[PDB]
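Chain letters run A, B, ... following the sequence lines, proteins first, then strands; residues in each count from 1. Atoms considered below: every heavy atom in the structure, side chains included; atoms not considered: hydrogens, waters and symmetry mates.
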Amino acid sequence: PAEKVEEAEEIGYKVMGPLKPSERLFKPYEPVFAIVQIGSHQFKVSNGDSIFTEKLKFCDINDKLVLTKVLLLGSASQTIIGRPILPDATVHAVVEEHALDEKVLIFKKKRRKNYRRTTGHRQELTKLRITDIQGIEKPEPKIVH
Amino acid sequence: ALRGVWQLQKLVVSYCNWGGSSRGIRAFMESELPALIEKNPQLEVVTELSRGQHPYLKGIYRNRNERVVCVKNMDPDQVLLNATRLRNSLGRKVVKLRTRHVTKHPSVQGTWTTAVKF
Amino acid sequence: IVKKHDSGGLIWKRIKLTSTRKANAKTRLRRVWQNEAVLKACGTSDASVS
Amino acid sequence: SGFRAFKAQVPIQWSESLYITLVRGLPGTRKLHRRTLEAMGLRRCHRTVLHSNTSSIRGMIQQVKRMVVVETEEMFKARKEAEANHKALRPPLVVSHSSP
Amino acid sequence: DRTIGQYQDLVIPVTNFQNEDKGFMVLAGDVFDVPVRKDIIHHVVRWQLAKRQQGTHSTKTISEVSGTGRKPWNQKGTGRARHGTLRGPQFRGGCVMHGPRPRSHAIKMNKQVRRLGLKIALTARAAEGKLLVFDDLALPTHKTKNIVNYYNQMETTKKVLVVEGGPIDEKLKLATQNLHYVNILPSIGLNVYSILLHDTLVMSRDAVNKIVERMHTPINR
Amino acid sequence: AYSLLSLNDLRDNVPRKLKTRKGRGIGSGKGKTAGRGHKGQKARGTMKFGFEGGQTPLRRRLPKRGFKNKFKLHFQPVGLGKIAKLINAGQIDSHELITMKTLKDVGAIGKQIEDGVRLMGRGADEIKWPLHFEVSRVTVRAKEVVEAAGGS
Amino acid sequence: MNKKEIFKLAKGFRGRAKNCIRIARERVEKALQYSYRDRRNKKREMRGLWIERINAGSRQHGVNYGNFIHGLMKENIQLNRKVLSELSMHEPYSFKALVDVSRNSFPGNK
RNA sequence: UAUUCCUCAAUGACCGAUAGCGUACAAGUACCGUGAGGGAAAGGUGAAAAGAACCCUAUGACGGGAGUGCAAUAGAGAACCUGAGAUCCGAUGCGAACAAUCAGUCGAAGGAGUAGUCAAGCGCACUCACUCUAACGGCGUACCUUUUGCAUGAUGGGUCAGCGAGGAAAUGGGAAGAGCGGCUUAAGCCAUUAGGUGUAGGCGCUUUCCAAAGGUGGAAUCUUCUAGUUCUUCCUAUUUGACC
RNA sequence: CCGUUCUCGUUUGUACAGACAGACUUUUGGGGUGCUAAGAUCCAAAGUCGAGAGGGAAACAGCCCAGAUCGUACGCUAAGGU
RNA sequence: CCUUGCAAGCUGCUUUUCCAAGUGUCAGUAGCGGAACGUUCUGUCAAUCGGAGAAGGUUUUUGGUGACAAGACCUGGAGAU
Ligand SMILES: [K+]
Ligand SMILES: [K+]
Ligand SMILES: [K+]
Ligand SMILES: [K+]
Ligand SMILES: [K+]
Ligand SMILES: [K+]
Ligand SMILES: [K+]
Ligand SMILES: [K+]
Ligand SMILES: [K+]
Ligand SMILES: [Mg+2]
Ligand SMILES: [Mg+2]
Ligand SMILES: [Mg+2]
Ligand SMILES: [Mg+2]
Ligand SMILES: [Mg+2]
Ligand SMILES: [Mg+2]
Ligand SMILES: [Mg+2]
Ligand SMILES: [Mg+2]
Ligand SMILES: [Mg+2]
Ligand SMILES: [Mg+2]
Ligand SMILES: [Mg+2]
Ligand SMILES: [Mg+2]
Ligand SMILES: [Mg+2]
Ligand SMILES: [Mg+2]
Ligand SMILES: [Mg+2]
Ligand SMILES: [Mg+2]
Ligand SMILES: [Mg+2]
Ligand SMILES: [Mg+2]
Ligand SMILES: [Mg+2]
Ligand SMILES: [Mg+2]
Ligand SMILES: [Mg+2]
Ligand SMILES: [Mg+2]
Ligand SMILES: [Mg+2]
Ligand SMILES: [Mg+2]
Ligand SMILES: [Mg+2]
Ligand SMILES: [Mg+2]
Ligand SMILES: [Mg+2]
Ligand SMILES: [Mg+2]
Ligand SMILES: [Mg+2]
Ligand SMILES: [Mg+2]
Ligand SMILES: [Mg+2]
Ligand SMILES: [Mg+2]
Ligand SMILES: [Mg+2]
Ligand SMILES: [Mg+2]
Ligand SMILES: [Mg+2]
Ligand SMILES: [Mg+2]
Ligand SMILES: [Mg+2]
Ligand SMILES: [Mg+2]
Ligand SMILES: [Mg+2]
Ligand SMILES: [Mg+2]
Ligand SMILES: [Mg+2]
Ligand SMILES: [Mg+2]
Ligand SMILES: [Mg+2]
Ligand SMILES: [Mg+2]
Ligand SMILES: [Mg+2]
Ligand SMILES: [Mg+2]
Ligand SMILES: [Mg+2]
Ligand SMILES: [Mg+2]
Ligand SMILES: [Mg+2]
Ligand SMILES: [Mg+2]
Ligand SMILES: [Mg+2]
């Protein structure tokens, strides 16, 4: 159990447990962004975004995630630059699906040599919904009456 | 689950009690199906006898999409894997993913234009 | 390397010795010179516990 | 260049052990040198083997010295240490742009 | 239950068509208790069906297809493909290259393998509980209704094979010939494929004694 | 499934190897010239096995030797050790005469006698009794051993 | 590959190449070869596009691409080129902050 | 014992209309040749003809209605069950007369058509929604055969559908699997809703050198080891037309 | 004789092959023949193609770099460039 | 796929599986080896499916590394395995 937590931390996520039906985590859009690293790939996200990552092995559907590798934070007024990561910043997410992508055909042929090969491949991806960015000050509610 | 709402609504287990190609789904019904039924209280699982036909699993989703996976001559673990992939799916059409970052607000500070001053 | 450039119908173009090619040659020379220095320093005796 | 990562950060002296890293490709080279590299345990590019410092190893390195980077134990340890110290965490930078 | 394949003698009840009690019989363990092997049965069944195949299948070579041996046109000059006849294997109406010719499909099998297959079949029938031993196979009449009444009386059966020691009496022959689910054989004609086609096996005491006597006699050589 | 023999469920120990069907597609690995390569007699199947290319073959360069004696006599060899092993097992009565019928019946001779039996000296240390033989031929050592034990 | 699969892959082809199996098979096989090659080539093209957008973004503030990217490496800032180009396009003030940081890290020659 | 111009009965892991006889149909016909001779093509409405009275428009109903029929594109006159493809003429959407190339591929502005999901108020933003098209950009000289090497101005193919070439027997060299422990029968014989028998023969035991005569003590000492053979499947070889 | 490789790639029995038309480059600085000609021809020693895609040499069998199990709009390099 | 472990059965106390790691391998003509897919026919089958619409045909969707498989609408009208 701790080994899976350590490996998920190496990838850059932490499982916080299942999403309860009482929680309302899908709030309206806030003008802050974060850059997070999940595996080899980096994503620049705001809340309400969706990202497709390479398959995360240690989470299930509707699990709340904390993304542990935050490289940059930004807003309309300031930018916080991590060298390389920001330990005090947290980005929250929810696992939405694990699905296979559309099949790609791998075709090889060498002309006049009586050689050809055809095979398929389907890559499995994990879809995450970004719900919350922490570590940078969000703008106040400007109740324009 | 799309924003916390589970998308797969019904799992149809179609099988034959006579045919040799339904051995794996019959073993799946006896062995792995109650555990999957227990772990998914939000999912309705119905089982249908279809004599003389090859077995399949059918997944009916919130968006009224239906996906059928034939499981003829499969081992029970392959049937369980297919049922798990049906449960983990959002029911979308199998087409190429055009992007891996879906956003409606690409810019917080405003997109670069020729009018931007620094 | 091919050194035949003014005969025949098959064109082997002469590779010009540019400054970038000289830089790559100097990098390869630095690598082999450091290797030779390591071999000179380590060649005075043999490691024990065999 | 790529050799810049392998430049010595420590004075080069006699060593107990040697680290050998293949930095050139195999096709287009003599089959004798490829067999020598196979005898050193090097089959793929950018791979590192560790060997004791004696004349039998040194002659093999001398044969293929234009294909490899040979490092002492101290040079290898210093290179790995500087690489780890470069990627270590530093405090964040906060820049307030604002006011357009 | 019991461990099949220990070569142990078995005790079986003896009855008749009238559902009476006729005592008990001991079945020899080297015939009715051999280890059960699917591969030997597979080979014996394949041998039987290969021996059964008629092989009266035929096609015509170019020597037998009607047509002239004359070259159809000149080898050169017409702009067409060169042909020797108009009855070649690539021609419509032509010969069949590597087509079937009438031949026997029979293969060979050792006698001891056939004996072992018969032993395995009898052992499986005795092990499943689907072997019934009759004191005799005498019927009061030649009418098929007696056999139909006994078949309806029987328990969890579909197809029955009835084995007689000597030649079959005329009454049983007439009574069973209109039934596709009850078939008869003398003990000289008992074979693995006939046993496996019927889920229940009915043998008289004479048939059991003749089969065990045959298996206890070594092959003369 | 217990002791079932259904025609539905019979198979061999190993899966059946099927025939290699040449001249089918690329993926089979034996299409387009099958496994014959390109041209020559061997691709066109007009080559006789054992032909050596026009050099005088070894079957015609070596001399013939000797003749065949049409009246050669063939005798079956039996060692004394086999006879001793069958004497100790009760198959052979060592007090009565050991003829070729005695050796033939106990299987010391194979199926076909041809012209008789030659008694040999293999395993002669196992002869411990006076034994009397009536064979066609006998080696010198076998006769020496049998008479040393008081037989003939 | 079956004839029906080939006709599925030849959908939208011009002329008799969508329709006739002898003509369709060649064009479909060539299309599949192009698809295999272009899965490799897309990564080269997209890295070129990111580097062009970063170079345009940083030269507006007087910094060349190579000095900028090396100044970011020197400060242990490990943002990759795709995200850096997205910042140069969509968050220009954060990108200007990164340009200032890299120029303090590594001005280069001149 | 041989054969089938013939008869009667029966069988088929034989074929099913480009197959099976050359001929499922009035075929040794039509047709070709002076002649000997060569030699086709062509099966299927519907259960039953109930095969469409009558009307309308054409010179003329095969058309449009009507009626029959379960069904009428099931409406034919040596042919109508199903009804594919090449091929021909249309309808709708998008592109298309300032831009060149195996005609795609990877990106993609725009245009057009179309669904559904539901917390909160019966809108609206969500499903990268989905489908068709593709301005514009980057990359991209068919396939087969034969060759040292082919975009090659080397070969072959107008297209589509159907057909089209490693196959059988016996006897050898082997491998894998199995039976028996000496193994195995051949012809035949008795039976077949089906097997059972049959020892003649073959290989081994078995003896090694040798032209032939002649000649012939395996290993081991510590309760001794001391032989194969017949099938099945597959790969190869020989003789057969022997992959075409 | 002793290190390194830990791989059997070694030797040998049995069974199945294919192949016995090669091409170019390494100062004409390994040589012969030819004219110190040939994209000639014939040998020695390497490499590549043959049977090898990818990047460079404008385009490019044989030169330089380098060996394609698959996926990614991640990263570092070689030759060669800016 | 291989190697090394690990744990299970075996009989073999050693040969087969399951799992985990592997900076271990995986261009390929002639050619060799291994593993499969599909067609027709036969046994299993006087069994199973079929006006609750078979075979065949057109669309469309889903699955596998692939040959290919499978669901549904339409067409079809009696067979399929
Ligand atoms: K003729
Ligand atoms: K034809
Ligand atoms: K005909
Ligand atoms: K019809
Ligand atoms: K029609
Ligand atoms: K294009
Ligand atoms: K020509
Ligand atoms: K053989
Ligand atoms: K054996
Ligand atoms: Mg030229
Ligand atoms: Mg050139
Ligand atoms: Mg300069
Ligand atoms: Mg360089
Ligand atoms: Mg003829
Ligand atoms: Mg003639
Ligand atoms: Mg014919
Ligand atoms: Mg091959
Ligand atoms: Mg071909
Ligand atoms: Mg071959
Ligand atoms: Mg050829
Ligand atoms: Mg040849
Ligand atoms: Mg016809
Ligand atoms: Mg037809
Ligand atoms: Mg005909
Ligand atoms: Mg009419
Ligand atoms: Mg009909
Ligand atoms: Mg019709
Ligand atoms: Mg059409
Ligand atoms: Mg139009
Ligand atoms: Mg214009
Ligand atoms: Mg033009
Ligand atoms: Mg596209
Ligand atoms: Mg172009
Ligand atoms: Mg030529
Ligand atoms: Mg070319
Ligand atoms: Mg041409
Ligand atoms: Mg040419
Ligand atoms: Mg032509
Ligand atoms: Mg065709
Ligand atoms: Mg017989
Ligand atoms: Mg030659
Ligand atoms: Mg030659
Ligand atoms: Mg040749
Ligand atoms: Mg030569
Ligand atoms: Mg030279
Ligand atoms: Mg010369
Ligand atoms: Mg020259
Ligand atoms: Mg030349
Ligand atoms: Mg020449
Ligand atoms: Mg050479
Ligand atoms: Mg060649
Ligand atoms: Mg090569
Ligand atoms: Mg190349
Ligand atoms: Mg180029
Ligand atoms: Mg090149
Ligand atoms: Mg590789
Ligand atoms: Mg390979
Ligand atoms: Mg249908
Ligand atoms: Mg059928
Ligand atoms: Mg079938």
Side-chain angles (χ1 to χ4, degrees), chain A residues 40-42 50 54 106 111-113 115 118-121 123, chain B residues 2 18 51-52 54 56 62-64 67-70 93-94 97-99 102, chain C residues 1-3 8-10 12-13 15 20 24, chain D residues 2 25-28 30 38-41 47 51 54 56-57 60, chain E residues 39 43 49 53-54 56-58 66 68 89-90 92-93 97-98 101 103 107-110 112-113 116 180 183 185 188-189 191 194 221, chain F residues 6-8 12-14 16-17 19 21-23 34-35 37 45 49 65-67 69 76-77 110 120-122 124 139 141, chain G residues 14 20 26-27 30-31 34-35 38 41-43 45-46 80 82:
Chain A
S40 300
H41 292 141
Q42 297 173 9
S50 164
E54 306 291 333
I106 297 89
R111 56 167 167 204
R112 310 176 291 261
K113 295 305 146 63
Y115 166 81
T118 312
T119 58
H121 175 85
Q123 187 85 355
Chain B
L2 176 71
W18 171 76
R51 284 171 65 89
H54 289 295
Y56 60 85
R62 291 286 272 251
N63 57 3
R64 299 212 204 130
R67 283 150 154 269
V68 178
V69 178
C70 182
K93 209 191 158 192
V94 186
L97 204 63
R98 290 178 298 278
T99 181
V102 187
Chain C
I1 55 161
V2 58
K3 297 169 89 183
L10 195 60
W12 298 104
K13 262 206 191 168
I15 310 299
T20 52
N24 287 339
Chain D
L26 291 196
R30 277 178 206 240
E38 187 188 6
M40 290 142 90
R47 293 279 214 264
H51 276 287
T54 58
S56 291
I57 304 286
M60 281 191 303
Chain E
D39 51 352
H43 290 306
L49 298 187
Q53 198 162 4
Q54 196 160 284
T56 50
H57 52 80
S58 197
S66 171
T68 178
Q90 82 270 48
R92 161 197 186 279
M97 182 60 59
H98 311 324
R101 317 278 316 172
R103 72 181 150 96
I107 58 185
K108 287 192 174 196
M109 168 169 274
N110 299 341
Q112 282 166 353
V113 182
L116 182 50
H180 68 274
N183 295 284
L185 275 180
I188 199 61
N191 64 95
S194 290
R221 275 171 196 292
Chain F
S6 296
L7 299 159
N8 188 350
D12 213 351
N13 299 139
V14 288
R16 181 178 178 177
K17 197 166 190 176
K19 287 200 290 181
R21 303 203 307 132
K22 305 153 171 155
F49 186 74
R65 178 109 184 161
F67 69 103
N69 189 21
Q76 310 301 314
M120 321 274 298
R122 169 166 303 155
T139 68
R141 173 172 167 78
Chain G
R14 194 220 175 96
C20 312
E26 302 191 359
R27 300 271 68 68
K30 178 72 84 169
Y34 288 151
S35 195
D38 274 351
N41 284 2
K42 187 189 176 184
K43 324 205 202 289
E45 296 205 343
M46 285 300 174
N80 61 27
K82 168 163 189 309

Quiz item: Rounding to the closest angstrom, what is the interatomic distance between H:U45 and H:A79 at atom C1'?
Solution: 9 Å
Quiz item: Any Watson-Crick or G-U wobble pairing between J:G22 and J:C2, both distances under 3.5 Å?
Solution: yes
Quiz item: Under the 5.5 Å and 30° test, is E:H180 stacked on the base of J:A46?
Solution: yes
Exercise. Look at the side chain of G:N80 and the base of I:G75, then say whether one donor and one acceptor between them are separated by less than 3.5 Å.
Key: no
Exercise. Positive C1'-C2'-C3'-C4' means north, negative means south, so call it for the sugar of H:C136.
Key: north
Exercise. State the pairing partner of H:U171; accept Watson-Crick or G-U wobble contacts with both distances under 3.5 Å, and report none otherwise.
Key: H:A237
Self-check item: Rounded distance in Å between the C1' positions of J:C26 and H:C160
Solution: 42 Å
Quiz item: Any donor-acceptor pair under 3.5 Å between the side chain of B:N63 and the base of H:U117?
Solution: no
Quiz item: Ignoring hydrogens and angles, does a donor from either the side chain of A:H41 or the base of I:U72 sit under 3.5 Å from an acceptor on the other?
Solution: yes
Self-check item: Base paired to H:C244 (Watson-Crick or G-U; both N/O distances under 3.5 angstrom)
Solution: none
Quiz item: Would you say the base of H:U230 and the side-chain of E:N110 have a donor-acceptor pair closer than 3.5 Å?
Solution: yes
Quiz item: What is the nucleic acid contact for E:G189, judged by heavy atoms within less than 4.0 Å: base, sugar-phosphate only, or nothing?
Solution: base
Quiz item: Between the base of H:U199 and the side chain of E:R221, is there a donor-acceptor distance below 3.5 Å?
Solution: yes
Practice problem: Quote, to the nearest angstrom, the P distance that separates J:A70 from J:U39. | Solution: 9 Å
Self-check item: For I:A45, the Watson-Crick or wobble partner whose two distances fall under 3.5 Å
Solution: I:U26
Quiz item: In whole Å, what separates the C1' atom of J:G79 from that of J:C45?
Solution: 16 Å
Exercise. Give B:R62 one of three labels, base, sugar-phosphate or nothing, depending on what nucleic acid heavy atoms sit under 4.0 Å from its own.
Key: sugar-phosphate
Quiz prompt | Side-chain donor/acceptor of A:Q123 to base of I:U72, under 3.5 Å | solution = no
Exercise. Assign H:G157 to north (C3'-endo side) or south (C2'-endo side) according to its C1'-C2'-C3'-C4' torsion.
Key: north
Quiz prompt | Between H:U233 (P) and F:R16 (CZ): distance, integer Å | solution = 7 Å
Quiz item: Just to confirm, is there a sub-4.0 Å distance from OP1 or OP2 of H:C106 to any side-chain nitrogen or oxygen of G:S35?
Solution: yes
Quiz item: Which value, in whole Å, describes the distance between the P atoms of nucleotides I:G55 and I:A66?
Solution: 16 Å
Self-check item: Side chain B:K93 and base H:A129 donor-acceptor under 3.5 Å
Solution: no
Practice problem: Give a yes or no on whether H:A115 and H:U127 are a Watson-Crick or wobble pair, applying the 3.5 Å threshold to both distances. | Solution: yes
Practice problem: Tell me what C:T20 touches on the nucleic acid: a base, only sugar-phosphate, or nothing, going by heavy atoms under 4.0 Å. | Solution: base
Practice problem: Determine the interatomic distance between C1' on J:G22 and the same-named atom on H:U152; round to the nearest Å. | Solution: 50 Å
Quiz item: Taking the nucleotide of RNA chain J with the closest heavy atom to each, which residue, B:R67 or A:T118, is nearer the 5' end?
Solution: B:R67
Quiz item: With sugar-phosphate meaning primed atoms plus P, OP1 and OP2, does F:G121 contact a base, only sugar-phosphate, or nothing at under 4.0 Å between heavy atoms?
Solution: sugar-phosphate
Practice problem: Report the distance from atom NZ of F:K19 to atom P of H:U232, rounded to the nearest whole Å. | Solution: 15 Å
Quiz prompt | Base-over-base contact, I:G31 with I:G32: centres under 5.5 Å, angle under 30° | solution = yes
Practice problem: By nearest nucleotide on RNA chain J, pick out whichever of A:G120 and F:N8 is the more 5' one. | Solution: F:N8
Self-check item: Any strand: nucleotide that pairs with H:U131 via Watson-Crick or wobble, under 3.5 Å
Solution: H:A112
Quiz item: Looking at H:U11, does its base get a donor-acceptor pair with the side chain of E:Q54 below 3.5 Å?
Solution: yes
Exercise. Give none if H:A61 has no partner; otherwise give the nucleotide forming a Watson-Crick or G-U wobble pair with it, both distances under 3.5 Å.
Key: none
Exercise. Ignoring hydrogens and angles, answer whether the base of J:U39 and the side-chain atoms of F:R21 contain a donor-acceptor pair closer than 3.5 Å.
Key: no
Quiz item: On a whole-Å scale, what distance lies between the P atoms belonging to J:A52 and J:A35?
Solution: 48 Å
Practice problem: Both distances under 3.5 Å, Watson-Crick or G-U wobble: report the partner of I:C20, or none. | Solution: none
Quiz item: Can you tell me the Watson-Crick or wobble partner of J:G76, both distances under 3.5 angstrom?
Solution: none
Quiz prompt | side-chain N/O F:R122 vs H:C205 OP1/OP2, d < 4.0 Å | solution = no
Self-check item: Partner nucleotide, any strand, of H:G177 [Watson-Crick/G-U, under 3.5 Å]
Solution: H:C231
Quiz item: How close or far is atom P of H:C183 from atom CG of E:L116, stated in whole angstroms?
Solution: 15 Å
Quiz item: Can you tell which of I:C70, H:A41, I:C74 lies closest to the side chain of E:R92?
Solution: H:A41
Quiz item: Where does the sugar of H:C5 land, north (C3'-endo side) or south (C2'-endo side), based on the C1'-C2'-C3'-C4' torsion?
Solution: north
Quiz item: Rounding to the closest angstrom, what is the interatomic distance between H:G166 and H:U185 at atom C1'?
Solution: 34 Å
